[PDB]
Amino acid sequence: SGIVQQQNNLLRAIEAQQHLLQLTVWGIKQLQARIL
Amino acid sequence: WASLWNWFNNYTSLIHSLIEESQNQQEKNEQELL
């Protein structure tokens, strides 16, 4: 059961990393808009 | 941008919690199953 729980743990980590990644994408597009 | 920094902060702390819990569970699985 610890293996199945660990798969949930890593999936949740991957999901939170994706939200952080999308925030960095937002910032890059905003920086590009102000520079050009 | 101020809101962006606050969201960066909230997600960084959330991710560290999820990683820590994954580390603890990995050590538990290694001891309980190996």
# chains A, B, ... in the order shown; residues from 1 in each chain; ligands from 1
>>> residues_around(residues="residue A:2", least_positions_apart="5", cutoff="8 Å", atoms="only C-alpha atoms", output="VMD selection string")
chain B and resid 25 28 to 29
>>> closest_atom_pairs(of="chain B", to="chain A", cutoff="9 Å", atoms="only C-alpha atoms", output="Markdown table")
| residue | atom | partner | partner_atom | distance |
| --- | --- | --- | --- | --- |
| B:1 | CA | A:27 | CA | 8.1 |
| B:4 | CA | A:23 | CA | 7.3 |
| B:7 | CA | A:23 | CA | 7.9 |
| B:8 | CA | A:20 | CA | 6.6 |
| B:11 | CA | A:20 | CA | 6.2 |
| B:12 | CA | A:20 | CA | 7.7 |
| B:14 | CA | A:16 | CA | 7.4 |
| B:15 | CA | A:13 | CA | 6.0 |
| B:16 | CA | A:13 | CA | 8.7 |
| B:17 | CA | A:13 | CA | 8.9 |
| B:18 | CA | A:13 | CA | 5.6 |
| B:19 | CA | A:13 | CA | 6.5 |
| B:21 | CA | A:9 | CA | 7.3 |
| B:22 | CA | A:9 | CA | 5.7 |
| B:25 | CA | A:6 | CA | 6.4 |
| B:26 | CA | A:6 | CA | 7.2 |
| B:28 | CA | A:2 | CA | 7.9 |
| B:29 | CA | A:2 | CA | 6.0 |
| B:32 | CA | A:2 | CA | 8.8 |
| B:33 | CA | A:2 | CA | 8.9 |
>>> write_last_selection(atoms="N, CA and C atoms", output="short mmCIF file (atom, residue, chain, number, x, y, z; two decimals), in the first residue's frame")
data_model
loop_
_atom_site.label_atom_id
_atom_site.label_comp_id
_atom_site.auth_asym_id
_atom_site.auth_seq_id
_atom_site.Cartn_x
_atom_site.Cartn_y
_atom_site.Cartn_z
N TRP B 1 2.90 41.55 -11.06
CA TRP B 1 4.14 40.93 -10.60
C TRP B 1 4.20 40.64 -9.10
N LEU B 4 2.47 37.55 -8.69
CA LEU B 4 3.29 36.46 -9.19
C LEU B 4 4.31 35.99 -8.15
N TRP B 7 2.52 33.91 -5.55
CA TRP B 7 2.20 32.58 -6.06
C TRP B 7 3.46 31.71 -6.18
N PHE B 8 4.58 32.27 -6.67
CA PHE B 8 5.83 31.53 -6.67
C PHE B 8 6.15 31.00 -5.28
N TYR B 11 3.68 28.11 -4.09
CA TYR B 11 3.90 26.84 -4.77
C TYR B 11 5.24 26.23 -4.39
N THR B 12 6.26 27.06 -4.16
CA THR B 12 7.55 26.53 -3.73
C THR B 12 7.43 25.85 -2.38
N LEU B 14 4.63 24.60 -1.06
CA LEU B 14 3.81 23.42 -1.26
C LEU B 14 4.64 22.28 -1.85
N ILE B 15 5.44 22.58 -2.87
CA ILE B 15 6.26 21.54 -3.50
C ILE B 15 7.24 20.95 -2.50
N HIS B 16 7.86 21.79 -1.66
CA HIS B 16 8.81 21.23 -0.70
C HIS B 16 8.12 20.27 0.25
N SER B 17 6.90 20.58 0.68
CA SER B 17 6.15 19.66 1.54
C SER B 17 5.92 18.33 0.84
N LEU B 18 5.47 18.39 -0.41
CA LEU B 18 5.17 17.17 -1.15
C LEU B 18 6.43 16.35 -1.41
N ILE B 19 7.56 17.02 -1.65
CA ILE B 19 8.81 16.30 -1.83
C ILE B 19 9.25 15.65 -0.52
N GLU B 21 7.43 14.70 2.02
CA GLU B 21 6.58 13.55 2.30
C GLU B 21 6.95 12.37 1.41
N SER B 22 7.32 12.64 0.16
CA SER B 22 7.77 11.59 -0.74
C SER B 22 9.08 10.97 -0.27
N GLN B 25 8.19 8.72 2.75
CA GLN B 25 7.55 7.50 2.30
C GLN B 25 8.52 6.58 1.57
N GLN B 26 9.47 7.14 0.82
CA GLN B 26 10.46 6.32 0.15
C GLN B 26 11.32 5.58 1.16
N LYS B 28 10.41 4.78 4.20
CA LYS B 28 9.53 3.80 4.83
C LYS B 28 9.36 2.57 3.95
N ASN B 29 9.10 2.78 2.66
CA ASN B 29 8.94 1.64 1.75
C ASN B 29 10.21 0.81 1.68
N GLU B 32 10.28 -1.18 4.90
CA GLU B 32 9.17 -2.10 5.11
C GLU B 32 9.10 -3.19 4.05
N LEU B 33 9.57 -2.92 2.83
CA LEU B 33 9.43 -3.84 1.72
C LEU B 33 10.74 -4.45 1.26
#
